[PDB]
Structure formats: C-alpha cells, structure tokens
Protein chains: 2
Amino acid sequence: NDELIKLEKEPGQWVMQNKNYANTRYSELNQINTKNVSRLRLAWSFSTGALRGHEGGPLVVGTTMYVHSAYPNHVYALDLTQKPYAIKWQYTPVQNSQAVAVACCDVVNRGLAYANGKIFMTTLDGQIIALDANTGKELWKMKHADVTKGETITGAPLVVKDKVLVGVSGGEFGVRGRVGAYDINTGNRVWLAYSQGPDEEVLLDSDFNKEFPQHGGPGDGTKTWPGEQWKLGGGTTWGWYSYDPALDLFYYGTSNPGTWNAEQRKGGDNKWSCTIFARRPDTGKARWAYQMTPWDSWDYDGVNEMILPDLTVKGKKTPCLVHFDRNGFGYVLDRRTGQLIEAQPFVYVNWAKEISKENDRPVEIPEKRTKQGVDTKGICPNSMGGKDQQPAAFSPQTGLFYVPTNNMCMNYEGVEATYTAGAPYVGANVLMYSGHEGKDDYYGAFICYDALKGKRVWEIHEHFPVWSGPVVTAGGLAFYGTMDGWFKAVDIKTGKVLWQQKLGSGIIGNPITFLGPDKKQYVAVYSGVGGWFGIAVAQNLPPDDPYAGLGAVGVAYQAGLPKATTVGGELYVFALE
Amino acid sequence: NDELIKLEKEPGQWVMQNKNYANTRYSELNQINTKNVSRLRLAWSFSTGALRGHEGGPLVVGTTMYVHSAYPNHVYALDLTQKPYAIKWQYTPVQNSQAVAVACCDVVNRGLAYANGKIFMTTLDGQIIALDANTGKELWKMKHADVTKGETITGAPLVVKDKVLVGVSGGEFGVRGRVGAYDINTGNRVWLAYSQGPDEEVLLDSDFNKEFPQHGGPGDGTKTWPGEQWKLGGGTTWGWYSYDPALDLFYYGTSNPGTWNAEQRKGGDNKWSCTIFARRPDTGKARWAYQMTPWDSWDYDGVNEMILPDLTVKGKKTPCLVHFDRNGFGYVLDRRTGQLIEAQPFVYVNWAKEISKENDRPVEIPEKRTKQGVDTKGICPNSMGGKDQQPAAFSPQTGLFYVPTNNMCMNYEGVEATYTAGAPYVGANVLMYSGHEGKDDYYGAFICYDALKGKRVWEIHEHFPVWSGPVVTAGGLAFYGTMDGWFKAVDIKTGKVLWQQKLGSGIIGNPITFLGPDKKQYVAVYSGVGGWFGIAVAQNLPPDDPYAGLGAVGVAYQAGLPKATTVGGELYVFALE
Ligand SMILES: O=C(O)c1cc(C(=O)O)c2c(n1)C(=O)C(=O)c1cc(C(=O)O)[nH]c1-2
Ligand SMILES: O=C(O)c1cc(C(=O)O)c2c(n1)C(=O)C(=O)c1cc(C(=O)O)[nH]c1-2
Ligand SMILES: [Ce+3]
Ligand SMILES: [Ce+3]
C-alpha cells in the first residue's frame, strides 16, 4: 500500500502493529534515551473496558490513537490534540458469543490495521470489518471464519496494496488453515490460499520453490499426508504478516498440522504445516515455502513473525528474512528464494541436534519425538516454544535482535483423537514446567541475539515467560513488559534495567513509541494478563488438574502466576516530565 | 473499638473508610503539599479484576493495603513491603447473582472495615463476612439481607466496640430499612434496629429525644404513616456510619420512605425515613433522631455521612454533627441531643424556602411538592441530591468543609405503585437535567463551605457531577476525582488546581493518603466509573428513553458521559519522586 510505505518511515507514527512492513519494531525517536529514561513517568492512561488478555498494541496515525481490546473487541479512536486525549469515536462489533468456547488460548486479539482512511479489525467470531478511520462508521463486514467448525480469528490483519489479508485460528480444532484477501473498498473476497490440500487450493505460482526443490513442490499439500488427513490439516495463520514491496512478496508462518497425535499423520512431512510462506499479494500464489518442522510432534506452530532486515552475509548486503520459531531455532533465509542462510538455537533445544546444512531438515533426537500411548519426557522447548507470538525487534543501528523468550520444557504423550466439527481435535496429554528439564527456577528471558553468529550477546533471566514484544529505539533502549506487571526499559548494549514500573496487571501487549501533536515522545503499552500461559488467570481455572489448558494450567501455577497478577485491561502512556 | 480509636490517630494509616470514627477524611501528613504537589507522579497501580463502579477506597493497616471491588466483590490484601507490593491473599465470596438484577444504582460496594486482626466485608447479595486479616481465611459469615425481597448491601460496615454494624439497601424495592449489629467474635446478631414500625422494632432508649421531643417520639414509626404502609417503608441504611466513643453513640442516616408516590404515604411524616439517628452501640436503642425531610416526595435519601467535628458555636466549643443532605441543606446538629444548630443550602435549593427555626421542619414551596398523576417541573436539587453518597471532608486546621456536589434538577411525576416482592416499588417518572432548572451547562462542583455561616467560600465548577469524596491534608491540599477520569489536587485556601492527571476511567472512588513502609507518603484512588449517574455507562444503556434509570440515563447522555469514559477497575497510587 503506497500510503503505508510512506507513512511507516515517519518516526512520529506507528501505523501497523510491528511498526513497518518489515516487522522491525524499531523507532528512530531518541528524546527518551539511556541518559534520561530514569525520569520517565506516566503521562496518561485509558481503560479498554475489557478483561482478559490484551495482546498487540495501539496504532498512532496522524493525531489519532487507535485502541483495541480482548473479546468483545471494543475499538476506540483517541484524539491526541485534546490535552492529553479525548474519545473521538468507539465501535463494538456484534458477535456470536459461541466464539469464546472455541478459543484455544484466551480471547485475545493482536490488533488493528490502518489504511486509506480506514481501520480494519478482526473479531474472535470470525469477521473482518472495515471502519471509517475518522468517524468509526461501519463501511463493510465479511465472514472469514466459522465458529461452528472450531475456527476463530485472533491475528491482526495486514493491508497490502488494495487488499486486507486475514488469517484464521483453530490448529487444535482440525481447521484448514488459510489466508484470505479481501478488497479494501468492498470487502469482497479476492483469493483464498490454503496451507494444505491440492495445489489449486494452496495456490502455487509457476516459479514456486524453483531454486530449492528440496523444500517441496506441487502436490505436497496432499501427498505428504496419509489418506485425506490434510482435510483436518491445521496450518493456521494467526501470527504476524510482513511484506517487501520491492520483491512483491508478503510472508507469514503456519501452525501445527492439526491433531497433536503424530501417529495419525505418519508417513509424510504434512506440508504445509509449520511453514514459512512467501506469496504474491495480487494472486495469493506462493513463490517459495520452507517447512521448518516436518511431521511435527510437539505443537511447534510456525506462525511467529518474519522480520525482513538487510544483513551483511559473507560480506554482501543481502535481503534476509529472520524468524525466531517456536521450535527454538532462529532462522535466517534469503527472502527472495527461501534459501536457508543460518539456523541456530536462540533458546535451549533438546529435540534436535541441529538443522542440517545438507537438506535443511532438523536432525532429530529420536528419544524426544513423541508417540501414541507412551509418554516422552523432558522435551525443550515446550509447545509454547522458544518464544510464542510475542514479536521480536531488530535494530538497524546494532544489526542485532531483541527477543522475548520462554524457558520451559514438557512431557507430551500422544492420544488417539476423534474429529467432531466444532470440538477440540488434539490427542495429547501435556505437562509443562521450567527450563533445562525442570532444573531452572525461572520461566522466561529477554535476550539480545546475533542471528548470523547464532549467539546470545546478553540475557535477562525473567521469572515469568516474556510474553511482550519489545520496541527498540535509537535512544539505545528496549521496552518490554512482564507477566507480573512490570514495564521495563533496558540498555540494548548491556541488558541493564534503566527504568521500571509496576502496572495493574500482567503485560502481554507489545509497546509502541510515537510523537504526540505536542512533538513529544510517548511510550504506550497495554496491561491485562492472559494469552496461553496466562489462561489460568484469564479463565479463572483451578490448579487441581495440571494437564488443563494443554499444560498451561500446571506450569502457570508452578511459576506462581495466579498469586502474581489479576485480570485487567488498561492502556498506559509514558513520557518525560 | 479501642484498637481503632488508637489506630485512627496514626498519620501513616487509613484504617476505616472515612479515616476515623468522626468521618473527617483528614490526614495530618504533609510530605505532599502546595509547594511540591506539581511533582506528583504515579508510583504503582493494581487492577481489581472487576468492571463497573468502584466506590469507597482501600484501607491501609500496618504494612498491608486492603482492596475491594464492584460485584462479585473480590477482596485483596497487598503486602506493601514487597517493592512496591505483592498480593498476600485474595478472597471472592460465593454469591447469588440474582443480586445484580435488584441493585438500583450499579453493583458498587463502599468497602471494607478492619478490626482486631479481622477484615469485614459486605456483599451485593446480602452477606456480612469476617476474614482473618493476615491470611484471608473465612472466620464467620451471616445472611443479613434477602435478594428475593429486593434487598442488597452496598454500604461499608462499621466496627464499634465488639460489633460490626451492617445496613441494607432497597428503598426503591419497599424494603424495611434497618441496621444489624453482629458480634465480631462469633457473628451472632446481637440486635436489629428498624427505621420504622413499632418501638420494639425501631428500638428506643428511655431518654429518646427528651431534649427535643418536637423531633418525634414513641409510636411515630407507625403513627406517622397511613395504615400499615410502614411495612414497605424504606429508610434503608446504605451510607456511612460514624461514632463518638466519649458519648457512647453511633450515627447514620436513613433512605427515602419506599414508594416515590407520596400520595400513597399521605397522612404523616413517615418517620423514620430521611432521618439522622443516634443510637447506643450496646443495645441499638435510639437516644435521639431528627427527620430532615418529612413526608418525602423527592427521593431525598438521608444516608449521607455524619461528620463529627468540634466547632466553636456562639463562642462555645461544641461537639457537632455535620451532614450535607441530598435535600440540599447543610445541617449542623449538637451530636449529644440532636439540637438543630444550623441548616442552610450548600447547593441551589427551590423545594423549600428554609428550615424553620421554630420547629426544625422544612418550609415547603408547595409548587415543588410532587403529586400523583401530574408532573412537577424544575425541582432543585434532583433526586441525586445536593450531593449523593460521595463523602465530604473536614479540616480541623481551617474549620471548613470540602464538599463534592451535584448541580442538577428534575421534573418528577408521581405514579401509583403496586408492590411485588423482589420487584421495584417506585411509582415515579423522573426527567433529570442540569442545575438552576436546566439553565446551567455544568453538572457538578467541588466547593469549600462554612457550615455555621451557611456560605460557600469558593467553588470549582465541574462539567460532571463530582462523585468522589475528597481527602484533605495538612499539606493544604484536597484530592478528588472527576467522572471523566481526572484526578486533581487543589489548594484548599484558593480553590486553585495545582496538579491533575487523566486516568483510565471515571473516578467514583474516595482517595486515601498514607505512609508506606518506606516512610514515604502515597495517595491512592480507585478508577472505574459507575454508580447512579454512571449507570448508562456501567450497564451499557442506550439513550432512547431519557426517563430510564429513574432519570439517570437521560441526564448522563445530556452531559455527555458515555462519550467521556469507558468502564474500568484500577487502583492508582501516586507519590513524589
Ligand atoms: O493453532 C492455532 O490455530 C493456534 C491459535 C492461537 C491463537 O489464535 O491465539 C494460538 C496457538 N495456536 C498456539 O499454539 C499458541 O502457542 C498460542 C498462544 C497464544 C497467545 O495469544 O498467548 N495464542 C496461541
Ligand atoms: O434507597 C436505597 O436503598 C438506595 C440504595 C443505594 C445503593 O445501595 O447504592 C442508592 C440509593 N438508594 C439512592 O437513592 C441513590 O441516590 C444512590 C446512588 C448510589 C451510587 O452508589 O452512586 N447508590 C444509591
Ligand atoms: Ce497451535
Ligand atoms: Ce433511594
């Protein structure tokens, strides 16, 4: 989109969830820096009027801030010229409350998109809705997903050219993952790109994986599955999307291949679950695809963000894609072709020795691959991954990445799964605990990571998983939140905490930074705990069954989350003086 | 209670809702003052995990802060030694959710009491519950009110000696208002004092009103009503209680006399509705009582706080009771006898010329007394009163009062009412609007008032009603919140605002100030709009019928409250540094 390509360069605005199409989450603003951040204080706050998990973050376009909430997905426009703000408009969609019963991982929403004088939102119950950005008037609404089939929507849509790109959730409900493109003006569906099934549904361009046939090709959407198991094939698309306008490719990752009992998927790779896709936005046709975790047996969803830095590789400036996967590996690919440049662990990994440079496949440790009817113990990372959806940042100044991570392991036993449309299609008993096979007394870490060297530069051990995507700035600072409510600013060179404040609820939002109409720098973040690790608190679940929430309940209680935080939903905005 | 008499003198703690038994809401702390308050900033916050109206405030006892919420009435103990806090324990009572449907005026609760190692809470559904203050363990509980008869509890209980005093709500449901005294050590109900009915139920001491028999006497609880109309007689007890241990008297006010159609109560004063009671704590027996509004036709509940200052009256130090009634008059009584010393308007009043010096009865303006089947227009104040429950403060240094006020008027038409147990028993159509018979463009004011002179000293006009009870301090400051979310510090001498910050939701909490274990002064307040004026927002009500919420919906939309604030539930704590 030509407006967004222009606007995303402005230091004073924040026009899409991860700052720009490259998903760098980097701001050039330097009013707030390592010298003065100790003086940072709350400027103002705003209640979203919702409880449970508040993921994503606000947008700032012009002099208007756009705010979104957990279910029922209230949307607000705040006029920042009104000292400090006034509510310009609000919108709450009508939804089918049955959506709540088929949300796997809390009733979260990762946020709004802006383009062409319009705001775009997704709803838990499967709608994509366009609103007038200045009045809040509903312009069009479309049904993209079907709650009666166990589908929900939690991901933020992406506007590219005249299309709004919308995903789906339900990898634990046997859903056929896909991305739909809807016309920005009418909402009419233009194309629908599936993550499995026949080529006609997957949508492959004539040059698909041309340079890397070893990454797969035509027919693999069915041939790499037993029978018609692909019809329940997962590969959902609830993460963050990115875009390179020069290459005319947009990028995203896909979820686990449906049932968690790999026995019922045996015989093939189960493509294109756990896959990085690069597609043409006009047609949806794939130019390349790389499957990170063939025949997944761990729930290592591949949906984490696809950051698009230009890195110096073997002495030459190279258009890269960088992705910190649930499977614990930090991948660097050539974003033109899907060529694997590097893959090294960014957390402790014990299910695989390495990713092979020969065939780009994981070299598995067989004792850590799961199976039906027999437990597999001490798998690291757990299903929540080296990190979950919480997006990393990249600084072009340092050339390094700032990554929120999990530090947890699990036991995982496959169980026969039976499909009933609208009900869970899992087939696993999972127990979760702290990192390094339960030896660690902490469950998270915030790190600085060198993707090409495949090494951590520094690490901040955090008691709880870090479920907040940092913003990094030219002031030498990274901001992120903790699940017990601390909002922190750290020195990007050393990891030292330079400022912190305890807010009302665990933070699972991704902070932003922008300039107000007063030309002053502000830092804004949601508070309101939830998401998968926070499900025991958000859904008020008891400790009696530690297997509940597919392991999430036990581990949250072990880490002491329910004693550490209440539910909430508040936007906090900070500035100097 | 001897512990509370001792503790209430400590500058660093806040051991009951209005600071002390005299309900002065005054703190001797002066770390924060007129010279430095501009430097005040948020220190920390805590989400209550509930939405809708958050009335009252936290308690600070020792190094523990006790926090309460709107329905379902979560209770938390925060350990303030844990930099800045940790959740020490929490308790959520089991309730009958039918209570929500019979709450007149939002699902608020005015807060906790502390005494003798115990926390005492009330629940919307009619329970009084004693918890261990250090562990949160339930010690005892009793059913005090019955939701099937339209009873709820929203008021904060008061501990006096070895008794916890518990009121009831339901003046709009034909409830028989009463106060119960429960043994703090066992939960046994020791006595139960009704606001109407025969003397055996009202409970009168042998010297009742002996100095002022013109204020009423034996038998008036039935003889001042037509037939047995007293059986649906209201006089509920949902406001703030006060106590003078030197006099062995506790004090409180009573609600409207049930049906809003005065025609059905014609024939007498309807005692003891709209009444100030002084009762013996041992027996519940009344020593004196003064009815402010005989034969009410306006819903002028008498429940507002009974502040117990010692004032110089005609040169003599006098133990006074000062009360800013819903009816718009600022009453000063001798708290030994119920002598009426002074009564003058603290807001614009047009329903009465004055209170008679001859017999202490309002001199009514007949045109403004409401009637059955005919509309009466331009009545000031409206039923929300000169002020509602939001409690005023008194400074012993200045000898003046700092009062949050409403600036609103109404039309009110009596309608014949039919009693159905558990259903509303109102009988009125009420249209509300701004002050001075709808001429004004603002709906509230924060004032400094001289009670003996009967004069405002200064006034700050506020766009919304001021539904927040100030804390006033020896630093020369008054702190209060507005319904569009501004928390403000004013210079008590000039009435100038010296500091303000916009928070996430309208403030209907009453702020407190205390010393942390770090010896630093903090100011704390709930944010989370609701209560009667906020009902359109708290209950998500449309503007279609302006008469809805007994007039509250119309006036809240006219004032623009739904455009100004969202719902919430957050405790904000401020300090210097
Ligand atoms: O397979 C799926 O469709 C799907 C959807 C979602 C979601 O929509 O939030 C999550 C996951 N999987 C998942 O595996 C997981 O780790 C997870 C965490 C969260 C969260 O917001 O905290 N959502 C999801
Ligand atoms: O007569 C009653 O029993 C009763 C109860 C309550 C309550 O319990 O909150 C209010 C009132 N009346 C009332 O008249 C009124 O002005 C009012 C305002 C509020 C509030 O919290 O904002 N409660 C009540
Ligand atoms: Ce999944
Ligand atoms: Ce009332």
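Chain A residue numbers are taken from Swiss-Prot; in order, the displayed residues are 35-611.
Each residue, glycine too, has its Cβ placed from N, Cα and C.
Per Swiss-Prot, the features are:
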type	residues	note
DISULFID	A:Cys138-A:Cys139	disulfide bond
BINDING	A:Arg144, A:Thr188, A:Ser203, A:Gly204, A:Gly205, A:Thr270, A:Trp272, A:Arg360, A:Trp501, A:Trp566	pyrroloquinoline quinone binding site
BINDING	A:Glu206, A:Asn290, A:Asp333, A:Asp335	Eu(3+) binding site
BINDING	A:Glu206, A:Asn290, A:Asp333, A:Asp335	Ce(3+) binding site
DISULFID	A:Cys414-A:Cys443	disulfide bond
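Structure with Swiss-Prot features highlighted.
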{"residue": "A:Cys139", "record": "disulfide bond", "DSSP class": "coil"}
{"residue": "A:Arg144", "record": "pyrroloquinoline quinone binding site", "DSSP class": "coil"}
{"residue": "A:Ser203", "record": "pyrroloquinoline quinone binding site", "DSSP class": "strand"}
{"residue": "A:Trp272", "record": "pyrroloquinoline quinone binding site", "DSSP class": "coil"}
{"residue": "A:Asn290", "record": "Eu(3+) binding site", "DSSP class": "coil"}
{"residue": "A:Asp333", "record": "Eu(3+) binding site", "DSSP class": "coil"}
{"residue": "A:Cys414", "record": "disulfide bond", "DSSP class": "coil"}
Around the Cβ of A:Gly205 (pyrroloquinoline quinone binding site), how many other Cβ atoms lie within 10 Å? Please give the count over every shown protein chain.
-> 31
Distance, A:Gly205 (pyrroloquinoline quinone binding site) to A:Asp335 (Eu(3+) binding site) (CA atoms, angstrom) = 9
Other than A:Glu206, A:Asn290, A:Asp333, A:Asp335, which residues of the same chain sit close to Ce(3+)? List them in sequence order, counting a residue when its Cβ is within 8 Å of the Cβ centroid of the site.
-> A:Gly205, A:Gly268, A:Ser289, A:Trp294, A:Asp330, A:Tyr334, A:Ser417
Among the binding-site residues A:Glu206, A:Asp335, the one whose Cβ has the most other Cβ atoms within 10 Å is A:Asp335
Over all shown protein chains, what is the count of other CB atoms within 10 A of the CB belonging to A:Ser203 (pyrroloquinoline quinone binding site)?
-> 29
Would you mind sorting out which recorded positions among A:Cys138, A:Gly205, A:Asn290, A:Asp333, A:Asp335 put a C-beta under 6 angstroms from ligand 3?
-> A:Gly205, A:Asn290, A:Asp333, A:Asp335
What subset of the recorded positions A:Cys139, A:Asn290, A:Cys414, A:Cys443 lies within 10 angstroms of A:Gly205 (pyrroloquinoline quinone binding site) at the C-alpha level?
-> A:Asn290
Could you tell me which of these recorded positions, A:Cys138, A:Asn290, A:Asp333, has the greatest number of Cβ atoms within 10 Å of its own Cβ?
-> A:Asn290
Rounded Cα separation (Å) that holds between A:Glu206 (Eu(3+) binding site) and A:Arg144 (pyrroloquinoline quinone binding site) | 19
Rounded inter-Cα distance in Å - A:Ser203 (pyrroloquinoline quinone binding site), A:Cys443 (disulfide bond) = 24
Surrounding CB atoms that lie within 10 Å of the CB of A:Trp501 (pyrroloquinoline quinone binding site), all protein chains | 31
Please report the DSSP secondary structure of A:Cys443 (disulfide bond), reduced to three states.
-> strand
Cβ under 6 Å from ligand 1: which of the recorded positions A:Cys139, A:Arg144, A:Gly205, A:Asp335, A:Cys414, A:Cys443 qualify?
-> A:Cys139, A:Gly205, A:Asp335
What three-state secondary structure does DSSP assign to A:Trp501 (pyrroloquinoline quinone binding site)?
-> coil
